[PDB]
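Some notes on the structure that comes next.
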Amino acid sequence: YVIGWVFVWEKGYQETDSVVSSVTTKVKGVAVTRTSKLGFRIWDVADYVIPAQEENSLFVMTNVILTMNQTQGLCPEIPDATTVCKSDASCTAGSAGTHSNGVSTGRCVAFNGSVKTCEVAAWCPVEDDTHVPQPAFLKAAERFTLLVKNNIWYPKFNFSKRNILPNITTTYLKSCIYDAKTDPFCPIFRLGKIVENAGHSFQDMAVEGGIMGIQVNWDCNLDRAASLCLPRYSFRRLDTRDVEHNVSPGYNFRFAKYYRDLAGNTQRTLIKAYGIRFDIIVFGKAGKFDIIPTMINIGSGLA
Amino acid sequence: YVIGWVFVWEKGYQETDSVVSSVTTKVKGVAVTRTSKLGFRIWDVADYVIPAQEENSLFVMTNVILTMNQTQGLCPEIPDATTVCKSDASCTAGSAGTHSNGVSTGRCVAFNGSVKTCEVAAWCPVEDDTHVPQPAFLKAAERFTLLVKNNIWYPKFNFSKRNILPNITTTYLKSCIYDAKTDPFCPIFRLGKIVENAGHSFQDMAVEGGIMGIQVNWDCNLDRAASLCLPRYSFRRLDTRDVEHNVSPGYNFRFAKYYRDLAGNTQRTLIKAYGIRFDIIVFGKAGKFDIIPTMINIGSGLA
Amino acid sequence: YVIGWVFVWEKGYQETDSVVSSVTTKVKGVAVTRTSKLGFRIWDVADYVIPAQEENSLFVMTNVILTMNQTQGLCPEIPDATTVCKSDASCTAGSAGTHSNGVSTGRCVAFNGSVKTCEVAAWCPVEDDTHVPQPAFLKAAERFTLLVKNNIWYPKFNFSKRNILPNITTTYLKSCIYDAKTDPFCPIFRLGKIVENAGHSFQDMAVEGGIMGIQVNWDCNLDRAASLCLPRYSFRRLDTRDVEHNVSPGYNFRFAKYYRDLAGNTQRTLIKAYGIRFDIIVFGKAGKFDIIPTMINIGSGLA
Ligand SMILES: Nc1c(C(=O)O)cc(Nc2ccc(Nc3ccccc3)c(C(=O)O)c2)c2c1C(=O)c1ccccc1C2=O
Ligand SMILES: Nc1c(C(=O)O)cc(Nc2ccc(Nc3ccccc3)c(C(=O)O)c2)c2c1C(=O)c1ccccc1C2=O
Ligand SMILES: Nc1c(C(=O)O)cc(Nc2ccc(Nc3ccccc3)c(C(=O)O)c2)c2c1C(=O)c1ccccc1C2=O
Ligand SMILES: *[C@@H]1O[C@H](CO)[C@@H](O[C@@H]2O[C@H](CO)[C@@H](O)[C@H](O)[C@H]2NC(C)=O)[C@H](O)[C@H]1NC(C)=O
Ligand SMILES: *[C@@H]1O[C@H](CO)[C@@H](O[C@@H]2O[C@H](CO)[C@@H](O)[C@H](O)[C@H]2NC(C)=O)[C@H](O)[C@H]1NC(C)=O
Ligand SMILES: *[C@@H]1O[C@H](CO)[C@@H](O[C@@H]2O[C@H](CO)[C@@H](O)[C@H](O)[C@H]2NC(C)=O)[C@H](O)[C@H]1NC(C)=O
Ligand SMILES: *[C@@H]1O[C@H](CO)[C@@H](O)[C@H](O)[C@H]1NC(C)=O
Ligand SMILES: *[C@@H]1O[C@H](CO)[C@@H](O)[C@H](O)[C@H]1NC(C)=O
Ligand SMILES: *[C@@H]1O[C@H](CO)[C@@H](O)[C@H](O)[C@H]1NC(C)=O
């Protein structure tokens with residue numbers, strides 16, 4: 001038993017290589033407030049997915065903080081301890097610490113509540129993120145569906161395969177949603193269910209944003225059949241909620257847009273967009289018997 | 001013969017590792033209609049490539065469907081069987097299926113031709129994609145040229161190399177275009193020829209969009225010379241045309257832009273951009289003799 | 001000694017696999033000119049980082065060439081030797097070479113200095129890049145800081161780890177900046193220091209743009225402790241300055257924006273943005289003892 005079995009279980013036979021992959025992704029679903037005889041911006045795939053595509057990944061804008069009607073000028077910093085001031089002292093004029101968004105004048109200017117903060121020359125008013133809004137603005141996004149289409153290639157063979165298996169069909173695929181118990185190959189996932197299979201609740205993760213991984217895992221013993229090489233799915237949170245132990249901000253990005261009247265009087269407005277980012281983290285290795293390399297590997301065992 | 005030859009052919013000697021890579025890409029070429037004394041938007045690299053860069057990849061906008069002059073409001077759905085209606089029945093008021101772009105009122109509203117469809121509260125009018133325009137709008141894109149610049153690094157060595165080989169020169173590189181028979185190292189490819197070397201015709205693939213892979217393949221026996229480690233090129237289609245057997249849509253994306261008068265009356269306009277996406281799918285393994293690890297590997301053979 | 005030691009040093013024991021990774025990046029810092037009682041656009045993270053995110057990578061806009069107030073029409077080509085003309089000859093009417101941005105009329109039109117160039121139908125005036133401005137416009141970017149947050153996963157284990165090590169804390173992390181001699185684990189790098197650790201000077205590399213790699217390298221003997229698996233950092237230039245020996249342009253991209261009056265009279269303006277691109281090139285392999293696969297590998301040694 002021993003000698004044959006150990007090589008046969010271990011697979012020193014089968015020649016193996018790691019997988020070359022390509023991906024495309026779409027989100028589908030709509031969100032709204034009010035109805036007929038009324039107006040409120042209805043949300044679709046052309047709004048909430050920006051940027052429209054990324055390599056192996058996509059974003060969903062779950063919650064938004066709005067910075068409005070800016071010009072460049074003079075205003076107070078936000079009340080945070082590292083430059084809350086009784087009077088000017090460490091806030092050196094003509095200097096700007098790496099946390100900041102503007103340059104000191106040397107003045108501890110008055111500000112409401114806590115009675116003063118250090119001044120900055122900056123875009124004004126400053127960005128305030130002291131209270132990330134709750135509930136998360138795009139609360140309806142839990143129900144949206146992500147389509148993950150993936151093609152795998154093995155350079156050690158003429159082989160390739162598409163994650164939409166060769167027996168899935170139109171009238172099913174227009175309404176299937178993935179479930180590991182009943183539909184192990186439908187390429188469509190429901191965003192709330194991506195996060196729930198990772199053990200987190202989308203109700204909360206949507207507030208401050210985060211990063212989410214669809215681990216499309218490929219592993220094939222290519223000896224059997226092309227009909228029998230198959231994908232398996234798993235889901236992982238990739239940020240972490242270790243606050244005060246710290247991690248810098250929960251995942252977000254801070255794009256802006258900018259405008260003028262005909263007379264040229266500039267403004268920016270800035271969106272601190274909090275969201276969940278979905279990374280389609282494909283990985284695989286696959287093996288095929290192949291006698292030539294096997295004879296060497298098993299040859300060490302044959303001695 | 002046997003014992004030495006099998007190890008010598010197989011390369012249990014040579015120590016090997018898989019490649020760390022970076023890429024940059026530009027497209028060059030122009031497209032037009034009309035001439036002097038006339039006006040029609042002339043197309044260049046600043047228009048047709050959007051988004052301007054992506055990781056290991058780029059897009060070319062071959063064909064465009066235009067959704068115009070929108071507001072949020074009340075309008076019919078497109079005539080497709082899953083909600084063509086004789087009268088209201090399954091189209092439940094206050095509900096929206098995952099195919100859709102708006103919410104039911106419960107009314108099977110009249111619409112022209114096929115006499116009715118279910119209503120949605122939505123962006124209106126709805127997106128129509130029942131007839132992807134032919135010939136493809138940017139027909140001239142077949143002649144455009146993509147420059148692929150790639151640098152490879154092997155962490156098991158101090159080694160790196162640039163795919164623009166160390167003997168290519170200015171006056172050649174300003175006009176070379178790749179051909180596997182005569183110019184195996186020119187970094188410039190012609191888009192129509194990328195697709196033709198994959199066996200497809202750009203004349204048709206430009207209509208409904210798709211995904212295309214430049215497999216820049218590196219494989220070196222580093223023992224020989226740095227002058228003799230070299231890239232090899234190959235081209236693969238990565239989407240598939242298995243319609244009715246289905247694949248969801250052919251590759252496209254659906255960005256939009258949005259506007260107001262000074263009085264604030266909003267619009268969007270939405271581009272369903274169909275195109276070819278080019279993925280610069282670099283992969284390599286390379287090997288160098290190295291006596292220390294060889295002595296172990298060949299040691300199993302020496303027994 | 002020999003038999004045990006060679007297997008024990010070489011690590012045919014320990015089972016090993018290559019790493020699955022995710023990344024997020026932010027830049028922080030500000031740049032300015034003039035002060036109070038004066039106006040000049042102040043620069044922050046919402047301006048200079050565009051595009052707002054990319055997979056494993058980010059851009060910093062170090063230097064900008066401006067193409068202004070365009071319409072489509074008739075104008076001369078830039079004075080470059082491959083179509084500087086004494087009179088019309090090779091510049092065939094209705095043809096456009098792959099270097100160009102417009103189509104020949106067959107006329108060698110007059111132009112100032114060198115007295116003529118071939119005409120193009122084009123966007124006009126043409127893009128001029130004959131003198132990349134010096135010093136680089138965003139000179140202050142040397143002082144900006146990039147935060148690199150990286151999570152690693154090993155599919156051969158339940159294992160994962162975050163590059164912000166489990167003993168880094170808030171009040172340090174709000175002001176640490178990386179240095180291989182004193183702070184080997186702070187996730188924040190200073191852009192000028194990224195380039196200086198690669199041996200180049202940011203003072204010059206900022207002029208014509210280029211590509212820069214933060215090689216976050218993971219290598220763990222997982223036997224020891226999760227507390228003792230640790231990242232190591234290194235920095236590499238990935239473009240090259242081999243001019244005249246050539247490389248096509250130094251790294252840049254050429255986005256544009258476009259506008260109309262209410263009457264619809266179109267313009268574009270085009271930014272040839274030169275910058276440094278930062279690629280967070282994570283790679284790792286890690287090994288853990290594991291007796292089952294070891295017994296096979298060492299079994300060849302035991303014979
Ligand atoms: N320009 C803008 C502007 C603006 O300038 O008004 C406002 C924006 N939000 C927004 C948020 C709430 C809104 N109302 C509202 C909601 C609840 C109760 C009562 C009233 C309304 C609106 O009433 O329209 C508009 C955005 C952008 C973007 O540009 C933008 C770009 C990309 C993604 C998202 C956005 C975005 O959210
Ligand atoms: N805003 C717009 C607008 C608009 O608002 O008019 C129109 C657009 N197309 C378009 C198409 C055809 C056009 N004429 C035409 C062609 C044949 C025969 C007769 C007449 C004309 C035009 O005559 O100018 C314009 C686009 C955008 C984008 O924003 C845009 C953004 C990114 C990529 C592409 C586009 C785009 O194609
Ligand atoms: N639209 C624009 C426009 C415009 O239309 O005026 C001008 C732009 N530059 C710019 C450069 C210099 C400026 N002054 C100045 C500097 C030194 C001495 C004296 C005067 C001023 C300004 O005075 O404001 C403005 C940009 C954009 C973008 O759209 C843009 C988009 C993304 C990144 C960068 C840019 C950008 O640099
Ligand atoms: C496509 O055909 C295959 C045939 O094997 C179906 O396979 C499923 O395989 C998993 C194990 O990998 C089983 O747990 C399931 O029970 C199988 N399905 C069924 C219906 O028994 C696959 O399901 C087929 N595709 C569809 C859409 O059913
Ligand atoms: C750069 O130098 C090399 C020297 O080997 C040229 O190599 C070509 O190599 C392939 C095989 O890999 C041969 O089929 C070609 O015939 C070789 N070229 C020639 C001209 O014979 C390479 O072509 C050189 N670069 C250029 C631009 O010619
Ligand atoms: C977190 O704890 C570790 C404990 O090992 C600190 O480890 C540093 O490890 C390197 C070698 O990898 C040594 O050269 C350093 O001297 C160690 N640091 C010190 C302070 O001695 C690590 O530095 C700790 N984190 C912080 C922020 O200090
Ligand atoms: C900006 O805010 C002011 C009031 O603070 C308002 O008058 C102005 O119209 C706003 N700008 C725009 C473009 O809405
Ligand atoms: C939108 O269409 C209407 C006619 O349906 C037209 O009057 C209006 O000017 C259009 N809007 C714009 C901004 O062109
Ligand atoms: C474009 O330039 C002309 C002068 O050449 C100027 O009159 C016009 O106002 C400029 N356009 C804009 C929108 O500034």
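FYI, nothing fancy with the structure tokens labels: chains A, B, ... in order, residues from 1 per chain, ligands from 1 as they appear.
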Practice prompt. Define the interface residues of chain C facing chain B as those within 6 Å, counting only C-alpha atoms, and report them as number ranges by chain.
Written response: C: 98, 245-246, 255-256
Fill in: Contacts of residue 196 in chain A at 12 Å (only C-alpha atoms; same-chain gap of 5+ positions) as number ranges by chain
A: 142, 179, 189-191, 201-205, 212, 234-237
Fill in: Contacts of range 276-278 of chain C within 8 Å, only C-alpha atoms, excl. fewer than 2 positions in-chain, as an MDAnalysis selection string
chainID C and resid 57:62 205:206 209:214 251 274 280
Need the shell around range 9-16 of chain B: protein/DNA/RNA residues with any atom at most 6 Å away, counting only C-alpha atoms. Skip same-chain ones fewer than 3 positions apart. Format as a CSV table (one decimal) with N, CA and C atoms, in the first residue's frame?
chain,number,residue,atom,x,y,z
B,5,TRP,N,19.8,12.4,-18.8
B,5,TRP,CA,18.9,13.1,-19.8
B,5,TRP,C,17.6,13.5,-19.2
B,6,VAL,N,16.9,12.6,-18.4
B,6,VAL,CA,15.6,12.9,-17.9
B,6,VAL,C,15.6,14.2,-17.0
B,286,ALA,N,10.3,32.1,-15.4
B,286,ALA,CA,11.6,32.0,-15.9
B,286,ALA,C,12.5,31.3,-14.9
B,287,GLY,N,13.5,30.6,-15.4
B,287,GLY,CA,14.4,29.8,-14.7
B,287,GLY,C,15.9,30.1,-14.9
B,288,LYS,N,16.7,30.0,-13.8
B,288,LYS,CA,18.1,30.2,-13.9
B,288,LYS,C,18.8,29.0,-13.1
B,289,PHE,N,19.9,28.5,-13.6
B,289,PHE,CA,20.5,27.2,-13.3
B,289,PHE,C,20.6,26.9,-11.8
B,290,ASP,N,21.3,27.8,-11.0
B,290,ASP,CA,21.5,27.8,-9.6
B,290,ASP,C,21.9,26.5,-9.0
B,294,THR,N,19.6,23.2,-7.2
B,294,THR,CA,19.8,22.1,-8.2
B,294,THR,C,20.3,20.8,-7.5
B,297,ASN,N,17.5,18.9,-5.9
B,297,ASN,CA,16.6,18.4,-6.9
B,297,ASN,C,17.1,17.2,-7.7
Worksheet item: Which neighbours of range 121-134 of chain A fall inside 10 Å, counting only C-alpha atoms, when residues of the same chain fewer than 6 positions from it are skipped, and could you give them as a PyMOL selection string?
Response: (chain A and resi 63-80+94+96+100-105+204+206-208+267-268+270-272+274) or (chain C and resi 30-32+35-36+41-44)
Item to complete: For residue 91 in chain B, please output as a list in words all residues within 9 Å (counting only C-alpha atoms; exclusion window: fewer than 5 positions along the same chain).
Response: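 Here the answer would be residues 83, 85, 96, 97, 104, 105, 106, 107, 108, 118 and 119 of chain B.
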Hey, could you make a per-residue contact list for chain B against ligand 1 with 9 Å as the cut-off, showing the nearest pair of atoms and its distance in Å to one decimal, counting only C-alpha atoms and all ligand atoms, sorted by chain and number, as a Markdown table?
| residue | atom | partner | partner_atom_place_in_ligand_line | distance |
| --- | --- | --- | --- | --- |
| B:258 | CA | ligand 1 | 29 (O) | 8.1 |
| B:259 | CA | ligand 1 | 1 (N) | 8.6 |
| B:264 | CA | ligand 1 | 6 (O) | 8.6 |
| B:266 | CA | ligand 1 | 24 (O) | 8.0 |
Worksheet entry | For CA of residue 252 in chain C and CA of residue 137 in chain C, the interatomic separation in Å (one decimal) |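 Between these atoms lies a distance of 14.2 Å.
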Worksheet entry | Given only C-alpha atoms and all ligand atoms as the counted atoms, nearest of B:218, B:185, B:263, B:298 to ligand 7 |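 Between B:218, B:185, B:263, B:298, the residue approaching ligand 7 most closely is B:263.
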Worksheet item: What are the DSSP strand (DSSP E) residues of range 134-278 of chain A, as a PyMOL selection string?
Response: chain A and resi 145-153+160-162+188-190+210-221+231-237+252-253+256-259+267-278
